[PDB]
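Two versions of one and the same chain are coming, encoded as structure tokens; call them structure 1 and structure 2.
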Structure 1
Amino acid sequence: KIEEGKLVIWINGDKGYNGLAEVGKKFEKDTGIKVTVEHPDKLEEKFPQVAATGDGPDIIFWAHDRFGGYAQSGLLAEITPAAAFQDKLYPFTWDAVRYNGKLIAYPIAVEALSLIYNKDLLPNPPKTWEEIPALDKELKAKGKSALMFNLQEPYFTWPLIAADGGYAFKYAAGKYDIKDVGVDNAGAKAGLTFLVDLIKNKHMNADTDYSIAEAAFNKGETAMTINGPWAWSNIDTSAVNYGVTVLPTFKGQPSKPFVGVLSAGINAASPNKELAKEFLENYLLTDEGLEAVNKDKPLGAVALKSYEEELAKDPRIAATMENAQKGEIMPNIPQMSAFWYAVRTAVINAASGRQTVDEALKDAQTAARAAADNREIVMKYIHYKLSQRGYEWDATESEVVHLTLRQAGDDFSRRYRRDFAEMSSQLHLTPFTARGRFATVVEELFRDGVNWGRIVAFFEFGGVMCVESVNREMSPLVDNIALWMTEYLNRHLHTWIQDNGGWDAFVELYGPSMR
């Protein structure tokens, strides 16, 4: 149970929590409501665990992308700000905190990648990607290089890939279409081709990661880099006099980095939702409230119009907001993990020369489509198991695979009914060890090999954990178990299924039994 009468606030350690504590002290001074700010390690995983049992803080601070999964599992309360308060923030920041047509958090700050340049080696930064090769040829004559940024994570290379038309997921009617991916299209191919062309022309090295690029710019060895506000403090202490400006354009079109919006969500189980609403609207989201946090650790660009216009006097903050306005809001669905996993391998394989740009992106398009299909198999099965025990979950010829799989699971549960009853009763299920308990059992099931019988047991165990989660008043755990089953399907079971005739072969083997 969360204590009523006080506000407990969680925010990451790399933020200005001491400045946020000042706002809480001012709130406590005016109203007597005690405000406690904490920065637990790995709070992005710690919050859904404590919130799954109705515990945890009253207010959670994190990027908006994780709040979609939080809201789907019912961890966040719907905020109800008046129209006069919503006008005080930029409209696109409210779009980042809207899930299923409901606002689930208050926007605080805006964060996106920018072009960081060395003002000594490069007084006037290039406005286009195309003039970077010629810029590198002149710098190589002095022992320097033009650009060095992280090529191992697709978050840093995506603004160039998305510039000519690449997109992660299509957005229609307030919902992301996870089957409409845009890594295969010509815009993404043209952007990734230019990146690989830079590597082929020796302007960049395919092995450059975050640390190599940061160490290169912070020592004056390269003239430019691509990073966010989190890296400004390392360059401040260094001898490099750096500037921050808009990302270079590609084919006359702006680079489109993904925008992360630091947001404050209200715990759905908190008994102080009104006090939290009053604190966030009338104390934090003010010029004085944001200044106290920004003085401690800079927030970059902020969602509050009045204070953003003040922070924009520093050109590095205006450049952060400009690149965010030209980019795209990070999709707030857990299905982005499959997108990043596919695009990362596509960029890695294309840069090293193992595959062409066309093949690497086609493999990424099919990998994203396969992740959506495996998610469909998991969620249809879990929804059937939960409905069997009377629990609804919010999340005939074409359904032959789904109908055969659930009957095979029912046959497995019926054959070992007594064994399932003992296991389900004696199961050690907590939100803090559920993932480890799941991964341990799945390792045992497939240690001596993968077969269709063990896959049926794999699905049936995930259904048992979901049923036990709802029985033990931990229903938000069902959404996490479904994601764990989908991730193991995509990463480990998918190749065996493909090499053994696909799910059509499963129907042909188990189908005859069901007559």
Structure 2
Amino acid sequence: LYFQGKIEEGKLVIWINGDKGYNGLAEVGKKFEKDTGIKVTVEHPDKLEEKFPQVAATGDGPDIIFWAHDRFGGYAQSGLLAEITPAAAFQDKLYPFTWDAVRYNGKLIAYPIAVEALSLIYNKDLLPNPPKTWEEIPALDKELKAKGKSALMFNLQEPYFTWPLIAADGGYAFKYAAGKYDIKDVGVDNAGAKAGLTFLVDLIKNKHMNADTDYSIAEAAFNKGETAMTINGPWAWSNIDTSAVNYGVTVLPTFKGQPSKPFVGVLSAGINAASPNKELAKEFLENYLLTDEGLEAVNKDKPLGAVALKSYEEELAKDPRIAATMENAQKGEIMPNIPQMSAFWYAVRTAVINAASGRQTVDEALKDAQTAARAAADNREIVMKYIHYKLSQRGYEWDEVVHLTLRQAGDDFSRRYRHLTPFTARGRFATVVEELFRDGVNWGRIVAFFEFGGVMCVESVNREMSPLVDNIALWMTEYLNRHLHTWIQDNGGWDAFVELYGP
């Protein structure tokens, strides 16, 4: 049980991505160090959002982690984030919708900092008045094509950027009802989604946009003055500042009279559930960072976009680019922090690419994506039921015909085939699963996949490493939805598994 030892208990350790204003954050940390005597260390490790589950599962890692709120759902699932109950006088200082972004299972698990949303960015010299509607963009592109320019270029390869148009007329990921997501209700292939994606493919068919345009092509074309408009977030502003392009930022165009609905990421600060410095961390976030002066120091280094603190958001909003960022956020929806979201994104990414290349119609592309998103939700329930059953066999409490049939097949596999740390569990999981499906996928090796994951979850409880159980559940859910689902659908689905193994 050597993992119980700790590192750097005398300093407040902070993890924040390198593209954020960490030097401005460090400046806030220096003021905190002077007033308290406790040294603040701001680190920006590469891939810190993937390292945090490993280090935090043994009571280690940073005292505070900064990241978009949607990734904090998985952290709160494993119990890696401390539950905060800030005073009402402090909660009233931030916008209510930002607190909703940091609430998991009815508990606040982070402090919201900044509000990031996509906006319409336009070249003021090519287009002094940007269009209010998507519908007028084809006619606008005609005029600019005569002058050797184009109307709009943005990243078509990632559904984060195309979803605002797809959602405008009625598309949705998971129905959101009073702080909860109905994972059985997916709006990927409804009438509104089809209308938005059809408008997008029509732009490509009418040569107003190209299907190969990605982030790098769109950013380079805009920043050199070749296209009049782009769709992007505050993270892209710095590169346009140093270019010769004089750009504005405004509300996204409407589709069929309805607002574009981008998904909103809320930069948030979570406190490590096992940090010995939780009170110091809460003191730093509430009394130093989340003030006008603290947010200004970070925003001056790298623009935060809109902020959760009302007093400083009203000051920032005097610049139309910030008022536009907030306005598109208000017209959009907070990014769901549920784990069924990553499979939604994989499904819609394939659908948009296939529809834009002409390999599928809009109807078939979205129908595939609708089924994939829903089936990936059922796959997670299969994982969670399997692990709960495997832990209940050894008397461990932890948070229809397919479940029963897979249980018995797994018990049969352990009959015929009768140290652990978060770092070693990840390595062995990647090693065994790779060896299982290197020469193909079949039902027998899927059953071996569930049994291997179940047994490893049991050993995690034995080593007093409960958060690793939820880490493993996520790894299994990811691999099943990314590398095994296509084979399952093409081989008859889980019903074919029951018909081969069930009575």
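Take the two forms, find the largest set of C-alpha atoms that superpose within 1.5 Å, and that set is the rigid core. Structure 1 provides the reference sequence; residues are numbered from 1 along it.
Tell which of 43, 50, 474, 63, after superposing on the rigid core, has its C-alpha displaced by 2 Å or more between the two structures, please. Going through each option, the one that shifts is 474.
Return yes or no for residue 14: a CA shift of at least 2 Å between the two structures, with the rigid core superposed? Result for residue 14: no, shift under 2 Å.
Please say whether, between the two structures, the C-alpha of residue 435 moves by 2 Å or more once the core is aligned. Moves: yes, 2 Å or greater.
Against the rigid core, is the Cα displacement of residue 175 between the two structures at least 2 Å? It does shift by 2 Å or more.
So if we fit the rigid core, how much does the CA of residue 104 shift between the two structures, in Å? In the core superposition between the two structures, the C-alpha of residue 104 moves 0.3 Å.
C-alpha positional change at residue 24 between the two structures - rigid core reference, Å: The alpha-carbon displacement, core-superposed, is 1.3 Å.
Core overlaid, residue 499 C-alpha shift between the two structures, how many Å? Rounded to one decimal, the shift is 4.5 Å.
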